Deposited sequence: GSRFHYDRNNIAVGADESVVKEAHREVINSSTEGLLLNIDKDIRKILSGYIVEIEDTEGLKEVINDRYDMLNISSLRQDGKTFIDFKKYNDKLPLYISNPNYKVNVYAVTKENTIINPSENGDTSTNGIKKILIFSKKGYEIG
């Protein structure tokens, strides 16, 4: 099979979940400001961005960057590493995690899956409890 999904002009616009999931498996650093990781350029090119969501112990979810045009929250450091920035669309503040058992879920959105983010098809690429984040 092929690692990526291609559109009708053979431009890569997506990938199966397992592929996207595996590409984000190496986290260098996590904190309430965001995630630092190495992401392959060819993976970066198939994504429109990321959705950031806090989930409480009752399973209730809150999307922090909750509009279709607030998905662009990752950028590259001078050294090539990717920072997915929780603060950018959170009033430039770190995430507030009120209980260490709350979860921070980050989802990747592929270009073929791109006002709200509900209804956006997305790929869970990071999920940790507050006590497991910096």
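The chain's deposited sequence has one unresolved stretch at 115-123, with no C-alpha coordinates there.
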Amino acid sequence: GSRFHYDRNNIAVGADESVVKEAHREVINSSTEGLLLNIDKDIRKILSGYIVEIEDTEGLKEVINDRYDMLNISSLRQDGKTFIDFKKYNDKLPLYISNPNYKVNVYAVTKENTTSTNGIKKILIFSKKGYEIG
From here on, numbers count along this sequence of modelled residues.
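Mean C-alpha B-factor is higher over 89-97 than over the other stretch, the pair under comparison being 89-97 and 49-57. Among the modelled residues of its chain, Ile125 has a C-alpha B-factor that falls in the lowest third according to the deposited record. When the modelled residues of the chain are ordered by their C-alpha B factor, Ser30 lands in the highest third.
Sort the modelled residues of the chain by CA B factor and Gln78 lands in the middle third. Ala108: CA B factor lies in the lowest third for its chain, per the PDB record.
When the modelled residues of the chain are ordered by their C-alpha B factor, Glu62 lands in the lowest third.
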